[PDB]
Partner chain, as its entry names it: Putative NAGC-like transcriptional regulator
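Next up is one chain by itself, shown in structure tokens, the form solved without the partner chain.
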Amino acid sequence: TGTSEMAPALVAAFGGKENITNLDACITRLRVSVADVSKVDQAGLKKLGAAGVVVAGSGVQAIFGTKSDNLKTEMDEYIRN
């Protein structure tokens, strides 16, 4: 096991804490509102497990399947604490 660093890795892929303004997850998607889409590493998100990544407005949606809700929660926890 060890210590998971998935939350910080995802936050880094999305451009860092200063780039994230909102976090939401559905059943198949992780929706992250960002201040700057150009700071998001779409390829990095796929390497992290995203089946696909779509830029829609000031948001980036990443398909992490059934894990989406869990990653969302871990991201918020890492951002807050």
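Positions refer to the first chain, counted from 1.
Novice: Of 7-15 and 60-68, which one has the bigger average CA B-factor?
Specialist: The entry gives the higher C-alpha B-factor average to 60-68.
Novice: On average, are the C-alpha B-factors higher in 22-30 or in 36-44?
Specialist: Of 36-44 and 22-30, the stretch with the higher C-alpha B-factor average is 22-30.
As for the form solved in complex with the partner chain, it is not shown, yet the points below apply to it.
Novice: Since only the chain is shown here, I'm wondering whether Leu48 would be in contact with the partner chain in the entry with it bound (any heavy atom pair within 4.5 Å).
Specialist: Result no; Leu48 lies far from the partner chain in the entry with it bound.
Novice: Report yes if any heavy atom of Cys26 sits within 4.5 Å of a heavy atom of the partner chain in the entry with it bound; otherwise report no.
Specialist: Within the cut-off, so yes.
Novice: Considering only heavy atoms, tell me if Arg31 and the partner chain come within 4.5 Å of each other in the entry with it bound.
Specialist: Taking the distances in the entry with it bound, the answer for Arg31 is yes, it comes within 4.5 Å of the partner chain.
Novice: With a cut-off of 4.5 Å between heavy atoms, is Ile63 one of the residues that contacts the partner chain in the entry with it bound?
Specialist: Flag for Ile63 set to yes.
Novice: What residues of 30-60, in sequence order, lie within 4.5 Å of the partner chain in the entry with it bound by heavy atom?
Specialist: The stretch 30-60, when checked against the partner chain in the entry with it bound, contributes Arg31, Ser33, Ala51, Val53, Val54, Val55, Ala56, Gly57, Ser58, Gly59 at the 4.5 Å heavy-atom cut-off.
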